[PDB]
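Numbering (PDB author numbering) for the sequence shown: 2 to 168, 172 to 292, 297 to 499, 510 to 1033.
For each residue, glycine too, the CB sits at the ideal point set by N, CA and C.
First the structure, in the form of structure tokens, and then the observations on it.
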Amino acid sequence: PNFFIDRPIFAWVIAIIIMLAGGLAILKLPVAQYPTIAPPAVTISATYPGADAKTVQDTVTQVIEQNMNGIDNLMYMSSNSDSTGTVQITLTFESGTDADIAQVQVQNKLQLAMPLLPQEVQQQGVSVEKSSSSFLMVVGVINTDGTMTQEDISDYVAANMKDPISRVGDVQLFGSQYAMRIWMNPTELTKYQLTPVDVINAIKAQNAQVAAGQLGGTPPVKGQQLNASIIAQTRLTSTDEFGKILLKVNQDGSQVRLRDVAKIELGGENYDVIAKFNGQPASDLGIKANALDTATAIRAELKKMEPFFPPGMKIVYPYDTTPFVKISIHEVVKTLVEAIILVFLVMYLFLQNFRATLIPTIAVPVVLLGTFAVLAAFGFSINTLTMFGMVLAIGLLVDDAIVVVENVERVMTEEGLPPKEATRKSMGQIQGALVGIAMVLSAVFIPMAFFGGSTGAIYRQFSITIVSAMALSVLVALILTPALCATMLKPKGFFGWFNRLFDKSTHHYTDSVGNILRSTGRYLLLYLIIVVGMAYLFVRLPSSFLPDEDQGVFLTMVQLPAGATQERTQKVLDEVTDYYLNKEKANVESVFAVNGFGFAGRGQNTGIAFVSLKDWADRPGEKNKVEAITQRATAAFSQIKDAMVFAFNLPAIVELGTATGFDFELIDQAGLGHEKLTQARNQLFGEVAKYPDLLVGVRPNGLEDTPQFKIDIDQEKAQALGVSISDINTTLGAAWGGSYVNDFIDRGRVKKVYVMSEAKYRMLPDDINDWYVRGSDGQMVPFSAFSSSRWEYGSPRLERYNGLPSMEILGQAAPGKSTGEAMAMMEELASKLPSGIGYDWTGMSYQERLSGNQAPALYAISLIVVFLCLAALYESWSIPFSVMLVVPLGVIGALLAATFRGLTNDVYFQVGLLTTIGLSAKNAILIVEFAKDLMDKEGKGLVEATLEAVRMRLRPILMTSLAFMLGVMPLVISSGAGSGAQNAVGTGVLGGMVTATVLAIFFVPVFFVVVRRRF
């Protein structure tokens, strides 16, 4: 309005205020390369020392799966069961809910079922926690001295850091804590006729701590004048003085002390997990609100102890992402900077007035700040993509300002109107046009919130960003612009030539237009031909979900055959470290190799290797680039190999994996039995490999049967010999498996006690015979007495899906094939199989199929609402249609690019499409808005009004367009870190806009012409 044509500063102040607010935003908000994107998933952990997967499923898990019931938004419930007595159970809860609450919903249940359970486990640990696979980061620690061991490290740590640290979704500690370990000598127990049972018991007794009452505490006596507390034993505090743990005394008189018949050692709480950083032994932490603050408070909690470390105690940040992120963000900001400073001069071109250009110079930043303050009002996680949203906001931000600029400029110079009335005339013209364009453009991005999914939220954030940005841009366009002009604007040979040439060219081209408008059929047909090629492209699409880029690290798994060791594992893992360090040294900065932690649960035949790399400024070799490195290492690890080795990159999202892929999950409905499930499953592998035209990479994520060694016990003779079957089982377990006897103390820290057989006696079938047992009467006896032994094959893995023994199938559809038709193939093959066999999909292969294929609804709805705003501006049923025909034009321009260059589809792509769409609209909008009134209220010739409108306005349509174009260019120009997404974005919008803008100038007129002459 002109409320501000009373008052220059009132709006100056509004604006300074709003920018100040956006500035307030800078600090109080989050920072991340990505927002919260996954649904909230919960996990349960359970432990049973020394047994089978089948064992627990039949003892522990199956219970839980039975007695869970009544839990909100319970999407689904998967469960693993491994043969190290470990269970991880994952329940995903429907999107947009509260972990903090369902965690409890679930823990109450986990506690319904506990007493059903053992005392071993019930006492060991039964934990509830939350899902996070992608480790926020990692830390490693090595002994530079190279003199001590990993358990030393881990013990130090736990005594020092982990608890301070945990006060953060998860902390994981590879290794274990100092726990005392009683390595049992069986031979000498036989000598002295002892089953370990006596050992366990004597230990339970000689290591404890008990009440002592007090002296005269509660009711005293008359004249009593003293009170104190008594104290009994404590927990024995040394291996040495467990050596003193007395059992027995010989009849001769000699006693029986423990130390003489076993190794009393410090060792692992367990260790089926080992680490070596650059090959040198070390230990670690996997660490997981906020990203940067997290990192920095962590570095702080670290520094304190940094000087307090023992000698040869060095840290490492082997697996990290933060600096990557910051660098990406910083340069993506340099982007904005350069894009704006371009405009700074693009004005000077057609204005040449050091203050003809400053209103735009000024406004934009204020608007970006308004967007900051938007997300401030609503939080919404300042982060990368929501920042790209700022990038694309630019030209929208730009247009209306450029517009008013040239409007007033022409009104004054073309005619000689003082600033006030010149401007207010421009306004009497253009007031509502801008409202129109804004309401239009919003019709594109608004409809996306009602679109659901993790992508649902991606679109929510990016689009609401875009749209609020436009809102504020408009508002200011309608506030301060009107006065700035009459605030600094009074009523070359390096550019004079250019103005000359511009004037010549505009006349040449408008003349070509006057010539061609007479011809319509040919160019009319060309429009449709363009549409057809557009559809040809829309069908020739490659397709994806998101890209992945160098992040300073990557990974490689290692799988050995059934039957394995830490040793045959670690030898190979060492060959790997050797390769990476020796042949590709220049980029291989370090390595964090591991032994034990598999990717399909945990085990022995599994290993994982993290790879850390050099700086972005010293890794320019495209040949020795990230993915080519992996490529060539693969061949290196597919040649002289006797074990499977995937070697590859890190998908840069929290466990979403291949989106063109799928993960089928087969289930035994009705008591068919594990064996039949396996049979039909391998059978289906063999049967489905028949169609390598739709279905590719069909491997099971589960693992195969394995030699299980059974020891059958003949109850009869056991009873016959005065024996406790319990004594049998207990000797067995305490020797071979382990046992949580009790606790002891060290440095105010309690710690565990295990009593397990010495190593070299507990490793082989024949070793069994070395074991004896004390019958009732008292005489040591072998297992050979009553023990049968044999072999078979059973699985070490057992998975279940919501109640039921289930198996997994990792697969992918052909690239030019949706995952849906692959689901059709899978159902066709499997549903044809015997009764009792059901199935389901999951994860991606579930999520993306429950809601997919709605984006067309977005675009139809936007189309509609835009038609509406059009007729609103026009009160014309007929006119709107014309301008909508502008949609397709920019489209091809982007589409063709994806083939003109090696680029593909994603979110970014849909987004740039919608963007260029709204932009072409904006362009034609004000063109026609002019021409119409220029006809009606000037009574001009319809065609003549078109020509007048285009002539009076040709320079800015060029200006703003090309300006946004040049602002976007650098990305496509830009390479290096992050350049993946950067270029992916910069490409499509240029491609589309070039076409849209270079072409509308000839057909907007024709569209309107034919609309009017056929109506």
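Looking at residue 327 and residue 610, is the spacing between their C-beta atoms short of 9 Å? Position 592 of the sequence shown holds residue 610. Position 319 of the sequence shown holds residue 327. For residue 610 and residue 327, yes; Cβs fall inside 9 Å.
If you drop the 5 nearest sequence neighbours on each side, which residues of the same chain put their C-beta closer than 7 Å to that of residue 459? If you number the sequence shown from 1, residue 459 lands on position 451. Hits under 7 Å: 467, 872 and 876.
Going by other Cβ atoms of all chains shown within 10 Å of its Cβ, with 16 needed for buried, is residue 1000 buried or exposed? One-based indexing of the sequence shown puts residue 1000 at position 982. Label assigned to residue 1000: buried.
Am I right that residue 94 and residue 70 are in contact with their C-beta atoms under 8 Å? What's the rounded C-beta distance? Position 93 of the sequence shown, counting from 1, holds the residue named residue 94. Position 69 of the sequence shown, counting from 1, holds the residue named residue 70. Between residue 70 and residue 94 the Cβ distance is about 15 Å, and since that is not below 8 Å, they are no contact.
Quick check on the DSSP output: the beta strand (DSSP E) that includes residue 831 runs from which residue to which? Mapped onto the sequence shown, residue 831 falls at position 813. Where residue 831 is concerned, the enclosing beta strand (DSSP E) stretches over 823-831.
On the DSSP bridge assignment, give the partners of residue 272 in chain order. The sequence position of residue 272 within the sequence shown is 268, counting from 1. DSSP, once it has assigned bridges, lists 182 as partnering residue 272.
Rounded to a whole number of angstroms, what is the C-alpha to C-alpha distance between residue 867 and residue 940? Reading the sequence shown from its first residue, position 849 is the one you call residue 867. Reading the sequence shown from its first residue, position 922 is the one you call residue 940. C-alpha separation (whole angstroms): 36 Å.
Once DSSP output is grouped into helix, strand and coil, what is the label at residue 790? Within the sequence shown, numbered from 1, the residue matching residue 790 stands at position 772. Looking at residue 790 - three-state DSSP - the assignment turns out to be strand.
Taking all protein chains shown into account, do 16 or more other C-beta atoms lie within 10 angstroms of the C-beta of residue 303, making it buried, or fewer, making it exposed? Looking up residue 303 in the sequence shown gives position 295. Answer is buried; the Cβ neighbour count reaches 16.
Would you call residue 156 buried or exposed, if buried means 16 or more other Cβ atoms sit within 10 Å of its Cβ? If you number the sequence shown from 1, residue 156 lands on position 155. Buried, since its Cβ has 16 or more Cβ neighbours within 10 Å.
Could you give the C-beta distance for residue 719 and residue 618, rounded to a whole number, given that I count them as a contact under 8 Å? The residue given as residue 719 occupies position 701 in the sequence shown. The residue given as residue 618 occupies position 600 in the sequence shown. With 8 Å as the limit, residue 719 and residue 618 qualify as a contact, their Cβ atoms being about 6 Å apart.
Three-way DSSP call (helix, strand, coil) for residue 235 in this model: By 1-based counting over the sequence shown, the position of residue 235 is 231. Reduced to three states, the DSSP call for residue 235 is coil.
Quick one: complete alpha helix (DSSP H) runs, 4+ long, within the segment 532-613? 539-557 and 584-601
From residue 158 to residue 194, what does the alpha carbon distance come to, in whole angstroms? Position 157 of the sequence shown, counted from the start, is the residue given in the question as residue 158. Position 190 of the sequence shown, counted from the start, is the residue given in the question as residue 194. If I take the Cα positions, the gap works out to 40 Å.
Three-state secondary structure (DSSP) of residue 653: Sequence index remark: in the sequence shown, residue 653 carries index 635 (1-based). Helix at residue 653.
C-alpha distance - residue 1016 paired with residue 905, whole-angstrom precision: Position 998 of the sequence shown, counted from the first residue, corresponds to residue 1016. Position 887 of the sequence shown, counted from the first residue, corresponds to residue 905. The alpha-carbon atoms of residue 1016 and residue 905 are separated by roughly 14 Å.
Beta-carbon spacing of residue 278, residue 246 below 9 Å: As a working note, residue 278 is residue 274 in the sequence shown. As a working note, residue 246 is residue 242 in the sequence shown. Contact flag unset, no.
Assuming residue 743 and residue 736 make a contact with CB atoms under 8 Å, what is their CB distance in whole Å? In the sequence shown, counting from the first residue as 1, residue 743 sits at position 725. In the sequence shown, counting from the first residue as 1, residue 736 sits at position 718. Going by Cβ atoms, the distance from residue 743 to residue 736 rounds to 6 Å, so yes, they are a contact pair.
Span separating the alpha-carbon of residue 652 from that of residue 870: Within the sequence shown, numbered from 1, the residue matching residue 652 stands at position 634. Within the sequence shown, numbered from 1, the residue matching residue 870 stands at position 852. Rounded to the nearest angstrom, the two C-alpha atoms are 35 Å apart.
Cα-Cα, which of 819, 690 and 37 is closest to residue 96? Residue 96 sits at position 95 when you count from the first residue of the sequence shown. Nearest C-alpha to residue 96: 37.
DSSP on residue 729, reduced to helix/strand/coil? Within the sequence shown, the letter at position 711 stands for residue 729. Looking at residue 729 - three-state DSSP - the assignment turns out to be strand.
Under the three-state reduction of DSSP, which class applies to residue 422: helix, strand or coil? If you number the sequence shown from 1, residue 422 lands on position 414. In this structure, residue 422 counts as coil in the three-state DSSP scheme.
Can you find the residues in the same chain that come closer than 6 Å, C-beta to C-beta, to residue 145, ignoring five residues on each side of it along the sequence? One-based indexing of the sequence shown puts residue 145 at position 144. Answer for residue 145: 320 and 322, listed in chain order.
Over what stretch of residues does the alpha helix (DSSP H) that includes residue 468 continue unbroken? If you number the sequence shown from 1, residue 468 lands on position 460. Here the alpha helix (DSSP H) through residue 468 covers 462-485.
Going by the DSSP bridge assignment, what does residue 130 pair with across the sheet? Counted from its first residue, the sequence shown places residue 130 at position 129. Looking at the DSSP assignment, residue 130 forms a beta bridge with 44.
Output the boundary residues of the alpha helix (DSSP H) element that contains residue 285. Locating residue 285 in the sequence shown gives position 281, where the first residue counts as 1. Per DSSP, residue 285 belongs to no alpha helix (DSSP H); it is in the beta strand (DSSP E), 284-291.
Status (buried if at least 16 other CB within 10 Å, exposed otherwise) for residue 638: In the sequence shown, the residue the question calls residue 638 occupies position 620. Exposed is the call here.
Beta-carbon separation (whole angstroms), residue 713 vs residue 840, contact threshold 8 Å: Mapped onto the sequence shown, residue 713 falls at position 695. Mapped onto the sequence shown, residue 840 falls at position 822. Indeed, because the Cβ distance is near 6 Å, the residues count as touching under 8 Å.
Please tell me whether residue 134 and residue 672 are closer than 9 Å, where the distance is taken between their beta carbons. Taking the sequence shown and counting its residues from 1, one reaches residue 134 at position 133. Taking the sequence shown and counting its residues from 1, one reaches residue 672 at position 654. For residue 134 and residue 672, yes; Cβs fall inside 9 Å.
If you count every other CB in all the chains shown that lies within 10 Å of the CB of residue 975, and 16 or more means buried, which is it? Position 957 of the sequence shown, counted from the start, is the residue given in the question as residue 975. Buried, by the Cβ-count rule.
Backbone secondary structure at residue 187 - three-state DSSP: In the sequence shown, counting from the first residue as 1, residue 187 sits at position 183. Residue state, collapsed to three classes: strand.
Over what stretch of residues does the alpha helix (DSSP H) that includes residue 253 continue unbroken? As a working mapping, residue 253 is identified with position 249 in the sequence shown. Careful: residue 253 lies outside any alpha helix (DSSP H), inside the beta strand (DSSP E) at 250-253.
Nearest to residue 1022 by CA position, among 968, 997 and 996, is which residue? For the purposes of this step, residue 1022 is identified with residue 1004 of the sequence shown, where counting begins at 1. Nearest option by C-alpha distance: 968.
Between the segment 788-797 and the segment 185-204, do three or more beta carbon pairs fall short of 8 Å? yes
Considering only the alpha carbon of each residue, which of 126, 25 and 109 lies closest to residue 46? Within the sequence shown, the letter at position 45 stands for residue 46. Answer by Cα proximity: 126.
Residues in the same chain with beta-carbon distance under 7 Å from residue 1018, minus the five sequence neighbours each way, listed in chain order, please. Mapped onto the sequence shown, residue 1018 falls at position 1000. Taken in chain order, the residues that qualify are 904, 907, 938, 941 and 942.
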